[PDB]
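Colleague: Contents of entry_1.txt (compact mmCIF, C-alpha atoms and all ligand atoms) are below:
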```
# COMPACT_ATOMS: atom_id res chain seq x y z
CA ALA C 50 12.02 8.05 16.19
CA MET C 51 15.30 7.65 14.28
CA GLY C 52 16.81 9.28 11.21
CA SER C 53 16.53 12.67 9.52
CA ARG C 54 13.58 15.02 9.87
CA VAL C 55 11.32 14.86 6.83
CA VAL C 56 7.75 15.78 5.96
CA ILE C 57 5.74 12.89 4.50
CA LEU C 58 2.58 13.34 2.43
CA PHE C 59 0.30 10.55 1.25
CA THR C 60 -2.39 10.93 -1.41
CA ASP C 61 -5.09 8.36 -2.01
CA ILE C 62 -7.93 8.33 -4.52
CA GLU C 63 -11.32 7.56 -3.00
CA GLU C 64 -12.99 4.38 -4.21
CA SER C 65 -10.67 3.97 -7.17
CA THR C 66 -11.34 0.23 -7.51
CA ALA C 67 -15.03 0.88 -8.10
CA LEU C 68 -14.05 3.59 -10.62
CA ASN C 69 -11.69 1.18 -12.41
CA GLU C 70 -14.51 -1.36 -12.60
CA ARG C 71 -16.97 1.20 -13.92
CA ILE C 72 -14.78 2.64 -16.71
CA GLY C 73 -12.62 -0.40 -17.44
CA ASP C 74 -8.86 -0.86 -17.63
CA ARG C 75 -8.23 1.03 -20.87
CA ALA C 76 -9.87 4.18 -19.47
CA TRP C 77 -8.36 3.59 -15.98
CA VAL C 78 -4.75 3.46 -17.17
CA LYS C 79 -5.32 6.66 -19.15
CA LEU C 80 -6.85 8.29 -16.07
CA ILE C 81 -4.08 7.27 -13.70
CA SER C 82 -1.32 8.16 -16.14
CA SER C 83 -2.70 11.71 -16.29
CA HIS C 84 -3.08 11.79 -12.50
CA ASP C 85 0.56 10.71 -12.05
CA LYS C 86 1.72 13.51 -14.36
CA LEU C 87 -0.40 16.02 -12.45
CA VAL C 88 0.81 14.96 -9.01
CA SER C 89 4.42 14.76 -10.15
CA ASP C 90 4.36 18.31 -11.53
CA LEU C 91 2.75 19.79 -8.44
CA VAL C 92 5.17 17.95 -6.15
CA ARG C 93 8.12 19.32 -8.11
CA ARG C 94 6.68 22.84 -7.87
CA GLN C 95 7.07 22.67 -4.06
CA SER C 96 10.49 20.97 -4.16
CA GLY C 97 9.16 17.56 -3.17
CA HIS C 98 10.14 14.07 -4.24
CA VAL C 99 7.79 11.21 -4.95
CA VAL C 100 9.08 8.14 -3.11
CA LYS C 101 6.63 5.61 -4.56
CA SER C 102 3.17 4.97 -5.93
CA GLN C 103 0.36 2.59 -4.92
CA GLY C 104 -1.26 3.09 -8.30
CA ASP C 105 -3.98 5.46 -7.12
CA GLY C 106 -1.87 7.33 -4.55
CA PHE C 107 1.61 8.57 -3.80
CA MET C 108 4.05 8.77 -0.94
CA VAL C 109 5.94 12.07 -1.14
CA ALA C 110 8.83 13.59 0.81
CA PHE C 111 9.36 17.30 1.49
CA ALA C 112 11.98 19.14 3.51
CA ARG C 113 9.52 21.70 4.94
CA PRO C 114 5.90 21.43 6.09
CA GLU C 115 4.68 24.44 4.13
CA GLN C 116 5.90 22.87 0.91
CA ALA C 117 3.80 19.75 1.54
CA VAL C 118 0.70 21.68 2.51
CA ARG C 119 0.94 24.02 -0.50
CA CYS C 120 1.35 20.98 -2.74
CA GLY C 121 -1.77 19.51 -1.22
CA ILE C 122 -3.67 22.76 -1.62
CA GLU C 123 -2.70 22.95 -5.29
CA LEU C 124 -3.63 19.31 -5.92
CA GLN C 125 -7.09 19.77 -4.42
CA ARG C 126 -7.60 22.93 -6.49
CA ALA C 127 -6.49 21.15 -9.67
CA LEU C 128 -8.79 18.20 -9.02
CA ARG C 129 -11.72 20.55 -8.46
CA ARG C 130 -11.03 21.86 -11.97
CA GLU C 139 -14.30 13.03 -11.57
CA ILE C 140 -12.03 11.79 -8.79
CA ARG C 141 -11.66 12.69 -5.12
CA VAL C 142 -8.39 12.38 -3.20
CA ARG C 143 -7.62 12.29 0.52
CA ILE C 144 -4.29 13.77 1.68
CA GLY C 145 -2.47 13.30 4.95
CA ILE C 146 0.72 14.98 6.12
CA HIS C 147 2.96 14.29 9.07
CA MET C 148 6.52 15.21 9.91
CA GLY C 149 9.26 13.84 12.12
CA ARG C 150 12.42 11.74 11.93
CA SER C 151 12.41 8.69 9.67
CA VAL C 152 15.17 6.38 8.44
CA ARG C 153 16.38 6.69 4.89
CA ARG C 154 16.99 3.25 3.35
CA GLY C 155 17.89 3.46 -0.29
CA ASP C 156 15.33 5.79 -1.81
CA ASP C 157 12.68 4.72 0.71
CA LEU C 158 11.65 5.91 4.20
CA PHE C 159 11.08 3.73 7.26
CA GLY C 160 9.88 4.10 10.78
CA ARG C 161 6.94 4.94 12.93
CA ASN C 162 6.55 8.42 11.48
CA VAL C 163 6.06 6.94 8.01
CA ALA C 164 3.30 4.74 9.45
CA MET C 165 1.88 7.77 11.23
CA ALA C 166 1.73 9.72 7.96
CA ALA C 167 -0.11 6.86 6.31
CA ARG C 168 -2.58 6.72 9.20
CA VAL C 169 -3.22 10.45 8.99
CA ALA C 170 -4.04 10.20 5.27
CA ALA C 171 -6.36 7.28 6.04
CA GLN C 172 -8.32 9.57 8.36
CA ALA C 173 -8.66 12.32 5.76
CA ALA C 174 -11.93 12.75 3.91
CA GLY C 175 -12.07 12.88 0.12
CA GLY C 176 -11.05 16.39 -0.82
CA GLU C 177 -9.48 17.09 2.59
CA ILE C 178 -5.89 17.82 3.61
CA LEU C 179 -5.27 16.51 7.14
CA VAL C 180 -2.11 17.24 9.06
CA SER C 181 -0.75 16.03 12.38
CA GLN C 182 -0.21 18.32 15.40
CA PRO C 183 3.51 18.71 14.77
CA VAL C 184 2.78 19.94 11.25
CA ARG C 185 0.11 22.30 12.54
CA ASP C 186 2.43 23.66 15.25
CA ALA C 187 5.26 24.23 12.76
CA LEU C 188 3.07 26.45 10.56
CA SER C 189 1.13 29.69 11.00
CA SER C 191 2.85 33.70 8.33
CA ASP C 192 2.98 30.89 5.77
CA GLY C 193 -0.44 31.86 4.39
CA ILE C 194 -2.04 28.71 5.81
CA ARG C 195 -5.12 28.30 8.02
CA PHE C 196 -6.47 25.33 9.94
CA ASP C 197 -9.60 24.12 11.72
CA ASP C 198 -9.57 23.35 15.45
CA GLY C 199 -8.74 19.71 14.93
CA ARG C 200 -10.33 16.42 15.86
CA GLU C 201 -8.98 13.78 18.22
CA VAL C 202 -8.83 10.25 16.85
CA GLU C 203 -7.35 6.82 17.56
CA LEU C 204 -4.90 5.49 14.98
CA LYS C 205 -4.30 1.81 14.36
CA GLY C 206 -1.00 0.65 15.78
CA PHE C 207 -0.50 3.67 18.03
CA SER C 208 -1.31 3.89 21.69
CA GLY C 209 -2.22 7.56 21.86
CA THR C 210 -5.04 9.70 20.64
CA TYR C 211 -4.00 12.24 18.06
CA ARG C 212 -5.39 15.64 17.12
CA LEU C 213 -5.50 16.04 13.33
CA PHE C 214 -6.07 19.36 11.63
CA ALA C 215 -7.72 20.08 8.30
CA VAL C 216 -6.34 22.79 6.04
CA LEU C 217 -8.99 25.44 5.32
CA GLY M 49 -7.04 -8.31 -28.68
CA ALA M 50 -7.36 -7.93 -24.92
CA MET M 51 -5.75 -5.00 -23.11
CA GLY M 52 -2.91 -6.21 -20.91
CA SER M 53 -0.91 -9.43 -20.60
CA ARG M 54 -1.29 -12.48 -18.37
CA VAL M 55 0.47 -12.23 -15.06
CA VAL M 56 0.10 -13.61 -11.57
CA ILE M 57 0.28 -11.04 -8.83
CA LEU M 58 1.15 -11.82 -5.22
CA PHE M 59 0.93 -9.32 -2.35
CA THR M 60 2.45 -9.86 1.09
CA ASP M 61 1.71 -7.85 4.20
CA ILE M 62 2.93 -8.05 7.80
CA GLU M 63 0.14 -8.17 10.36
CA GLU M 64 0.12 -5.27 12.83
CA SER M 65 3.50 -3.96 11.68
CA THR M 66 2.84 -0.48 13.09
CA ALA M 67 2.37 -1.83 16.59
CA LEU M 68 5.52 -3.89 16.06
CA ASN M 69 7.47 -0.81 14.93
CA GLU M 70 6.22 1.14 17.95
CA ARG M 71 7.27 -1.66 20.33
CA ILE M 72 10.74 -2.41 19.04
CA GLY M 73 11.73 1.06 17.87
CA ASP M 74 12.84 2.32 14.48
CA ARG M 75 16.39 0.93 14.63
CA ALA M 76 15.18 -2.62 15.21
CA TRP M 77 12.36 -2.15 12.70
CA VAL M 78 14.71 -1.12 9.90
CA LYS M 79 16.93 -4.14 10.64
CA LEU M 80 13.89 -6.42 10.63
CA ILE M 81 12.45 -5.10 7.38
CA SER M 82 15.88 -5.19 5.71
CA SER M 83 16.11 -8.89 6.59
CA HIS M 84 12.54 -9.49 5.45
CA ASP M 85 13.16 -7.71 2.14
CA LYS M 86 16.13 -10.00 1.45
CA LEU M 87 14.22 -13.18 2.34
CA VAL M 88 11.27 -12.31 0.11
CA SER M 89 13.53 -11.18 -2.75
CA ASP M 90 15.56 -14.41 -2.59
CA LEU M 91 12.45 -16.62 -2.51
CA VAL M 92 10.84 -14.69 -5.35
CA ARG M 93 14.02 -15.01 -7.40
CA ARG M 94 14.01 -18.80 -6.88
CA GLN M 95 10.59 -19.03 -8.51
CA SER M 96 11.58 -16.71 -11.36
CA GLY M 97 9.37 -13.91 -10.09
CA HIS M 98 9.99 -10.18 -9.82
CA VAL M 99 9.40 -7.84 -6.92
CA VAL M 100 7.51 -4.90 -8.38
CA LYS M 101 7.64 -2.67 -5.33
CA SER M 102 7.91 -2.52 -1.57
CA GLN M 103 4.96 -1.20 0.39
CA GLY M 104 6.83 -0.73 3.66
CA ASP M 105 5.80 -3.92 5.44
CA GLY M 106 5.03 -5.97 2.32
CA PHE M 107 5.64 -6.46 -1.36
CA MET M 108 3.89 -6.62 -4.67
CA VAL M 109 5.30 -9.43 -6.77
CA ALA M 110 4.77 -10.63 -10.32
CA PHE M 111 5.10 -14.16 -11.70
CA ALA M 112 4.43 -15.68 -15.12
CA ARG M 113 2.65 -18.80 -13.79
CA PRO M 114 0.46 -19.54 -10.74
CA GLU M 115 2.50 -22.55 -9.58
CA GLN M 116 5.50 -20.26 -9.12
CA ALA M 117 3.54 -17.73 -7.09
CA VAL M 118 2.03 -20.42 -4.86
CA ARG M 119 5.37 -22.19 -4.39
CA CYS M 120 6.91 -18.84 -3.41
CA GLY M 121 4.20 -18.23 -0.82
CA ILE M 122 4.59 -21.75 0.58
CA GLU M 123 8.35 -21.28 0.98
CA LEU M 124 7.93 -17.87 2.56
CA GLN M 125 5.45 -19.09 5.18
CA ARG M 126 7.86 -22.00 5.74
CA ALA M 127 10.81 -19.66 6.21
CA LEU M 128 8.86 -17.38 8.55
CA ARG M 129 7.96 -20.40 10.69
CA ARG M 130 11.63 -21.42 10.86
CA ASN M 131 12.68 -17.89 11.83
CA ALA M 132 10.07 -17.81 14.59
CA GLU M 139 7.82 -12.91 15.54
CA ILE M 140 6.06 -11.59 12.44
CA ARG M 141 2.98 -12.96 10.74
CA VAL M 142 2.52 -12.31 7.03
CA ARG M 143 -0.69 -12.49 4.97
CA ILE M 144 -0.29 -13.53 1.34
CA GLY M 145 -2.81 -13.13 -1.48
CA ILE M 146 -2.54 -14.36 -5.07
CA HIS M 147 -4.66 -13.55 -8.11
CA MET M 148 -4.10 -14.02 -11.84
CA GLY M 149 -5.43 -12.23 -14.89
CA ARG M 150 -4.45 -9.63 -17.46
CA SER M 151 -2.85 -6.37 -16.35
CA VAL M 152 -1.33 -3.39 -18.11
CA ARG M 153 2.43 -2.78 -17.85
CA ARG M 154 3.86 0.69 -17.27
CA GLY M 155 7.59 0.70 -16.67
CA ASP M 156 8.16 -1.80 -13.89
CA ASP M 157 4.64 -1.35 -12.49
CA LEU M 158 1.32 -3.04 -13.28
CA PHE M 159 -2.10 -1.44 -13.53
CA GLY M 160 -5.68 -2.53 -13.81
CA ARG M 161 -8.52 -4.13 -11.92
CA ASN M 162 -6.73 -7.46 -11.52
CA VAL M 163 -4.00 -5.69 -9.58
CA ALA M 164 -6.65 -4.28 -7.25
CA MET M 165 -8.21 -7.72 -6.95
CA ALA M 166 -4.90 -9.32 -5.94
CA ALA M 167 -4.49 -6.64 -3.29
CA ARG M 168 -7.91 -7.43 -1.86
CA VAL M 169 -7.31 -11.18 -1.84
CA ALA M 170 -4.21 -10.53 0.26
CA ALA M 171 -6.21 -8.22 2.54
CA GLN M 172 -8.72 -11.01 3.23
CA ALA M 173 -5.92 -13.36 4.27
CA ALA M 174 -5.06 -13.96 7.91
CA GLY M 175 -1.53 -13.72 9.23
CA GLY M 176 0.21 -16.94 8.33
CA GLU M 177 -2.33 -17.72 5.59
CA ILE M 178 -2.00 -17.83 1.81
CA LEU M 179 -5.25 -17.07 -0.03
CA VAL M 180 -5.75 -17.39 -3.77
CA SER M 181 -8.61 -16.43 -6.07
CA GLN M 182 -10.72 -19.06 -7.79
CA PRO M 183 -8.94 -18.71 -11.13
CA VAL M 184 -5.62 -19.50 -9.41
CA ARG M 185 -7.17 -22.47 -7.59
CA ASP M 186 -8.76 -23.62 -10.86
CA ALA M 187 -5.49 -23.33 -12.80
CA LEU M 188 -3.80 -25.53 -10.19
CA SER M 189 -6.48 -28.24 -10.03
CA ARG M 190 -4.00 -30.67 -11.60
CA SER M 191 -1.08 -29.97 -9.23
CA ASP M 192 0.19 -33.20 -7.66
CA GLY M 193 1.58 -31.25 -4.71
CA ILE M 194 -0.41 -28.06 -4.17
CA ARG M 195 -3.57 -28.52 -2.09
CA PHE M 196 -6.40 -26.12 -1.25
CA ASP M 197 -9.26 -25.95 1.23
CA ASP M 198 -12.84 -25.90 -0.09
CA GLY M 199 -12.87 -22.10 -0.09
CA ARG M 200 -14.92 -19.38 1.55
CA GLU M 201 -17.21 -16.78 -0.03
CA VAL M 202 -16.45 -13.08 0.41
CA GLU M 203 -17.17 -9.71 -1.10
CA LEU M 204 -14.15 -7.62 -2.03
CA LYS M 205 -13.87 -3.87 -1.63
CA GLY M 206 -14.69 -2.14 -4.93
CA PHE M 207 -16.01 -5.19 -6.75
CA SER M 208 -19.59 -6.27 -7.36
CA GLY M 209 -20.81 -9.72 -6.37
CA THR M 210 -19.18 -12.55 -4.45
CA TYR M 211 -15.80 -14.25 -4.77
CA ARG M 212 -14.59 -17.59 -3.43
CA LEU M 213 -11.10 -17.46 -1.93
CA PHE M 214 -9.09 -20.60 -1.20
CA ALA M 215 -6.42 -21.22 1.42
CA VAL M 216 -3.27 -23.10 0.42
CA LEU M 217 -2.70 -26.25 2.45
CA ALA M 218 1.04 -26.95 2.58
CA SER M 219 2.78 -30.24 3.43
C1 LIG E 301 -6.37 0.73 -6.74
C2 LIG E 301 -6.37 -0.13 -5.50
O1 LIG E 301 -5.62 -1.27 -5.77
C3 LIG E 301 -4.33 -1.13 -5.32
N1 LIG E 301 -3.42 -1.08 -6.44
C4 LIG E 301 -3.80 -1.02 -7.78
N2 LIG E 301 -2.77 -0.93 -8.62
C5 LIG E 301 -1.65 -0.91 -7.78
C6 LIG E 301 -0.28 -0.83 -8.04
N3 LIG E 301 0.26 -0.74 -9.29
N4 LIG E 301 0.60 -0.82 -6.99
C7 LIG E 301 0.05 -0.91 -5.77
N5 LIG E 301 -1.21 -1.01 -5.39
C8 LIG E 301 -2.08 -0.99 -6.43
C9 LIG E 301 -4.23 0.21 -4.62
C10 LIG E 301 -5.67 0.63 -4.32
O2 LIG E 301 -6.05 0.20 -3.18
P1 LIG E 301 -7.27 1.05 -2.28
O3 LIG E 301 -6.72 2.42 -2.15
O4 LIG E 301 -7.22 0.17 -1.08
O5 LIG E 301 -8.49 0.86 -3.19
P2 LIG E 301 -9.81 1.92 -3.22
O6 LIG E 301 -9.29 3.20 -3.78
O7 LIG E 301 -10.79 1.04 -3.93
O8 LIG E 301 -10.24 2.06 -1.78
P3 LIG E 301 -10.32 3.40 -0.73
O9 LIG E 301 -9.11 4.27 -1.00
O10 LIG E 301 -11.62 4.07 -1.09
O11 LIG E 301 -10.30 2.71 0.63
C1 LIG E 302 0.61 2.21 8.60
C2 LIG E 302 1.05 1.86 7.20
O1 LIG E 302 2.29 2.46 6.94
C3 LIG E 302 2.73 1.79 5.88
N1 LIG E 302 4.08 2.09 5.58
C4 LIG E 302 5.15 2.14 6.48
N2 LIG E 302 6.35 2.38 5.89
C5 LIG E 302 6.01 2.49 4.53
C6 LIG E 302 6.78 2.70 3.38
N3 LIG E 302 8.13 2.90 3.40
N4 LIG E 302 6.18 2.72 2.17
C7 LIG E 302 4.85 2.51 2.17
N5 LIG E 302 4.01 2.30 3.17
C8 LIG E 302 4.62 2.28 4.37
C9 LIG E 302 2.56 0.31 6.22
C10 LIG E 302 1.27 0.31 7.09
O2 LIG E 302 0.29 -0.24 6.48
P1 LIG E 302 -0.66 -1.38 7.26
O3 LIG E 302 -0.15 -2.58 6.58
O4 LIG E 302 -1.93 -0.68 6.84
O5 LIG E 302 -0.36 -1.21 8.73
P2 LIG E 302 -0.30 -2.48 9.91
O6 LIG E 302 0.64 -3.50 9.36
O7 LIG E 302 0.03 -1.57 11.05
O8 LIG E 302 -1.67 -3.05 10.08
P3 LIG E 302 -2.52 -4.35 9.36
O9 LIG E 302 -1.73 -4.88 8.18
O10 LIG E 302 -2.60 -5.31 10.53
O11 LIG E 302 -3.82 -3.68 8.98
CA CA E 303 -7.72 4.53 -2.79
CA CA E 304 0.45 -4.59 7.44
CA CA E 305 -11.78 -6.78 0.63
MG MG E 306 -5.99 2.94 0.51
MG MG E 307 0.96 -3.20 4.26
MG MG E 308 -17.11 -5.63 -3.53
```
Rewrite the coordinates I just gave you, this time as structure tokens.
Ligand SMILES: C[C@H]1O[C@@H](n2cnc3c(N)ncnc32)C[C@@H]1OP(=O)(O)OP(=O)(O)OP(=O)(O)O
Ligand SMILES: C[C@H]1O[C@@H](n2cnc3c(N)ncnc32)C[C@@H]1OP(=O)(O)OP(=O)(O)OP(=O)(O)O
Ligand SMILES: [Ca+2]
Ligand SMILES: [Ca+2]
Ligand SMILES: [Ca+2]
Ligand SMILES: [Mg+2]
Ligand SMILES: [Mg+2]
Ligand SMILES: [Mg+2]

Modeller:
Amino acid sequence: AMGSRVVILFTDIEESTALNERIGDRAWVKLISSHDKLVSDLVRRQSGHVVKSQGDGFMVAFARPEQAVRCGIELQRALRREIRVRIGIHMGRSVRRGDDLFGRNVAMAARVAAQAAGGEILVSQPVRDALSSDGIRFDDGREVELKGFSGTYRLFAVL
Amino acid sequence: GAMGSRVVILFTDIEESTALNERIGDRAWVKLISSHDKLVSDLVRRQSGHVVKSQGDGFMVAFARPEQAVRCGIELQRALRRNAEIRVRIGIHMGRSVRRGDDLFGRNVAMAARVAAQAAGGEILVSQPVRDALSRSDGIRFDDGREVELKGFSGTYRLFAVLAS
């Protein structure tokens, strides 16, 4: 993998299209505007940078894995206080192109988030291995196949 | 009056881009996507459209009128053929959507995304309202459509493939 080491976090609201259809566009745009503000504030708290939005989810860059995980922990807490979000985190080298990130580790991060349940923070093995002392605990992981990748990958939920 | 303004939204997406990336390596991938970005941007510009955002291996694009969106898709599939190896799915839907900065929000954005997701590599699919708006086109031709259900939406939708000359 090429480029600089970065931690990439993806959020994704569960079943947001059905929600949009149920409440209508007026209520949806109000909901997502508030969600954007929330995510943006919590990202900034852990020194992250939002790269882009898919409307109901964000791609976010952090320098350190504990920053990303803490952001995720705070987001889940805030949401608990109705939408559910899945969060995936991976780290590794990726290529900076403009203000965007490219490469297999970006795709890997997206695939990890896709595996996450609503309300769950899932991290890849390298993220798990990099943490411990940081006030963060994990489960024992689950091995899964990821589309586009040849391996099987053990993904760890934050407890 | 209705919430949101009329716009035609086109999504593109490279088929199996992750496997491609893994095969060719990040250096080659960045070169490829850089080239792809420029091709799409140029073709969108020629039809007076606007690229809203990049989604890594595809784009969200806005146009004022459906003929422009469809023409853009036709030229892109044409250009990709000439270049050929990447296959791109294209989906087009039209309706009202809410503007926020340079982005667009609402259910019709989600519908356009799902129309693109139903499309095969190398195919351009459009929703019925796009097909219906272009019933009078002397150049744009469609198949007879196929019925689908779209993630998040109730009921059935008929999606139509563009048949290019
Ligand atoms: C909301 C659904 O439509 C897509 N979408 C909507 N607005 C935008 C936008 N401005 N930019 C980009 N994409 C947009 C993103 C999202 O897709 P999904 O996440 O696939 O929909 P849903 O949340 O219904 O499905 P799951 O997450 O449950 O699979
Ligand atoms: C695996 C997912 O990663 C997405 N991705 C890669 N780079 C970026 C980026 N810079 N910004 C946003 N998203 C990015 C694109 C890819 O999505 P898919 O299109 O779901 O993956 P693939 O093309 O592998 O499979 P199909 O389209 O065949 O499902
Ligand atoms: Ca979602
Ligand atoms: Ca793709
Ligand atoms: Ca669908
Ligand atoms: Mg999604
Ligand atoms: Mg894509
Ligand atoms: Mg449906």

Colleague: Find the spatial neighbours of stretch 162-170 of chain C, counting only C-alpha atoms, within a cut-off of 6 Å - ignore same-chain residues fewer than 4 positions away - and output them as number ranges by chain.

Modeller: C: 59, 144-147

Colleague: Quick one: residues within 12 Å of stretch 195-210 of chain C, all atoms listed in the file, excluding same-chain residues fewer than 2 positions away - as a PyMOL selection string?

Modeller: (chain C and resi 115+118-119+122+161-162+164-173+177-182+184-186+188-189+191-193+212-217) or (chain M and resi 63-71)

Colleague: Would you write out those residues with C-alpha atoms, as a PDB file, in the frame of the given file?

Modeller:
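File produced: selection22.pdb:
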```
ATOM      1  CA  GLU C 115       4.680  24.440   4.130  1.00  0.00           C
ATOM      2  CA  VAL C 118       0.700  21.680   2.510  1.00  0.00           C
ATOM      3  CA  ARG C 119       0.940  24.020  -0.500  1.00  0.00           C
ATOM      4  CA  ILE C 122      -3.670  22.760  -1.620  1.00  0.00           C
ATOM      5  CA  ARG C 161       6.940   4.940  12.930  1.00  0.00           C
ATOM      6  CA  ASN C 162       6.550   8.420  11.480  1.00  0.00           C
ATOM      7  CA  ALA C 164       3.300   4.740   9.450  1.00  0.00           C
ATOM      8  CA  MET C 165       1.880   7.770  11.230  1.00  0.00           C
ATOM      9  CA  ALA C 166       1.730   9.720   7.960  1.00  0.00           C
ATOM     10  CA  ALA C 167      -0.110   6.860   6.310  1.00  0.00           C
ATOM     11  CA  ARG C 168      -2.580   6.720   9.200  1.00  0.00           C
ATOM     12  CA  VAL C 169      -3.220  10.450   8.990  1.00  0.00           C
ATOM     13  CA  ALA C 170      -4.040  10.200   5.270  1.00  0.00           C
ATOM     14  CA  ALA C 171      -6.360   7.280   6.040  1.00  0.00           C
ATOM     15  CA  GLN C 172      -8.320   9.570   8.360  1.00  0.00           C
ATOM     16  CA  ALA C 173      -8.660  12.320   5.760  1.00  0.00           C
ATOM     17  CA  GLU C 177      -9.480  17.090   2.590  1.00  0.00           C
ATOM     18  CA  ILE C 178      -5.890  17.820   3.610  1.00  0.00           C
ATOM     19  CA  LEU C 179      -5.270  16.510   7.140  1.00  0.00           C
ATOM     20  CA  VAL C 180      -2.110  17.240   9.060  1.00  0.00           C
ATOM     21  CA  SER C 181      -0.750  16.030  12.380  1.00  0.00           C
ATOM     22  CA  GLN C 182      -0.210  18.320  15.400  1.00  0.00           C
ATOM     23  CA  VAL C 184       2.780  19.940  11.250  1.00  0.00           C
ATOM     24  CA  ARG C 185       0.110  22.300  12.540  1.00  0.00           C
ATOM     25  CA  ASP C 186       2.430  23.660  15.250  1.00  0.00           C
ATOM     26  CA  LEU C 188       3.070  26.450  10.560  1.00  0.00           C
ATOM     27  CA  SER C 189       1.130  29.690  11.000  1.00  0.00           C
ATOM     28  CA  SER C 191       2.850  33.700   8.330  1.00  0.00           C
ATOM     29  CA  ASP C 192       2.980  30.890   5.770  1.00  0.00           C
ATOM     30  CA  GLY C 193      -0.440  31.860   4.390  1.00  0.00           C
ATOM     31  CA  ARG C 212      -5.390  15.640  17.120  1.00  0.00           C
ATOM     32  CA  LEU C 213      -5.500  16.040  13.330  1.00  0.00           C
ATOM     33  CA  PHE C 214      -6.070  19.360  11.630  1.00  0.00           C
ATOM     34  CA  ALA C 215      -7.720  20.080   8.300  1.00  0.00           C
ATOM     35  CA  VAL C 216      -6.340  22.790   6.040  1.00  0.00           C
ATOM     36  CA  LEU C 217      -8.990  25.440   5.320  1.00  0.00           C
TER      37      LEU C 217
ATOM     38  CA  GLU M  63       0.140  -8.170  10.360  1.00  0.00           C
ATOM     39  CA  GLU M  64       0.120  -5.270  12.830  1.00  0.00           C
ATOM     40  CA  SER M  65       3.500  -3.960  11.680  1.00  0.00           C
ATOM     41  CA  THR M  66       2.840  -0.480  13.090  1.00  0.00           C
ATOM     42  CA  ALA M  67       2.370  -1.830  16.590  1.00  0.00           C
ATOM     43  CA  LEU M  68       5.520  -3.890  16.060  1.00  0.00           C
ATOM     44  CA  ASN M  69       7.470  -0.810  14.930  1.00  0.00           C
ATOM     45  CA  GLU M  70       6.220   1.140  17.950  1.00  0.00           C
ATOM     46  CA  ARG M  71       7.270  -1.660  20.330  1.00  0.00           C
TER      47      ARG M  71
END
```

Colleague: Enumerate, in order of chain and increasing residue number, the residues of chain C with an atom no farther than 12 Å from ligand MG 308 (chain E), each with its shortest atom pair and distance in Å to one decimal, counting all atoms listed in the file, as a Markdown table.

Modeller:
```
| residue | atom | partner | partner_atom | distance |
| --- | --- | --- | --- | --- |
| C:64 | CA | E:MG308 | MG | 10.8 |
| C:66 | CA | E:MG308 | MG | 9.1 |
| C:67 | CA | E:MG308 | MG | 8.2 |
| C:70 | CA | E:MG308 | MG | 10.4 |
```

Colleague: Listing only residues of chain C within 12 Å of ligand CA 303 (chain E), what is the closest atom pair and its distance in Å (to one decimal) for each, using only C-alpha atoms and all ligand atoms, sorted by chain and residue number ascending, as a Markdown table?

Modeller:
```
| residue | atom | partner | partner_atom | distance |
| --- | --- | --- | --- | --- |
| C:59 | CA | E:CA303 | CA | 10.8 |
| C:60 | CA | E:CA303 | CA | 8.4 |
| C:61 | CA | E:CA303 | CA | 4.7 |
| C:62 | CA | E:CA303 | CA | 4.2 |
| C:63 | CA | E:CA303 | CA | 4.7 |
| C:64 | CA | E:CA303 | CA | 5.5 |
| C:65 | CA | E:CA303 | CA | 5.3 |
| C:66 | CA | E:CA303 | CA | 7.3 |
| C:67 | CA | E:CA303 | CA | 9.7 |
| C:68 | CA | E:CA303 | CA | 10.1 |
| C:69 | CA | E:CA303 | CA | 10.9 |
| C:81 | CA | E:CA303 | CA | 11.8 |
| C:102 | CA | E:CA303 | CA | 11.3 |
| C:103 | CA | E:CA303 | CA | 8.6 |
| C:104 | CA | E:CA303 | CA | 8.6 |
| C:105 | CA | E:CA303 | CA | 5.8 |
| C:106 | CA | E:CA303 | CA | 6.7 |
| C:107 | CA | E:CA303 | CA | 10.2 |
| C:140 | CA | E:CA303 | CA | 10.4 |
| C:141 | CA | E:CA303 | CA | 9.4 |
| C:142 | CA | E:CA303 | CA | 7.9 |
| C:143 | CA | E:CA303 | CA | 8.4 |
| C:144 | CA | E:CA303 | CA | 10.8 |
| C:170 | CA | E:CA303 | CA | 10.5 |
| C:171 | CA | E:CA303 | CA | 9.3 |
| C:173 | CA | E:CA303 | CA | 11.6 |
| C:174 | CA | E:CA303 | CA | 11.4 |
| C:175 | CA | E:CA303 | CA | 9.9 |
```

Colleague: Closest to chain C among M:98, M:119, M:141, M:205, using all atoms listed in the file?

Modeller: M:205

Colleague: Of the candidates C:58, C:50, C:108, C:87, which one gets nearest to ligand LIG 301 (chain E) if we count all atoms listed in the file?

Modeller: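 Looking only at the distances to ligand LIG 301 (chain E), the closest residue turns out to be C:108.
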
Colleague: Mind pulling up the distance from atom CA of residue M:162 to atom CA of residue M:150?

Modeller: 6.7 Å

Colleague: Just the residues within 8 Å of residue C:153, please, counting all atoms listed in the file, with nothing from its chain fewer than 5 positions along; format it as a PyMOL selection string.

Modeller: chain C and resi 52-53+158-159
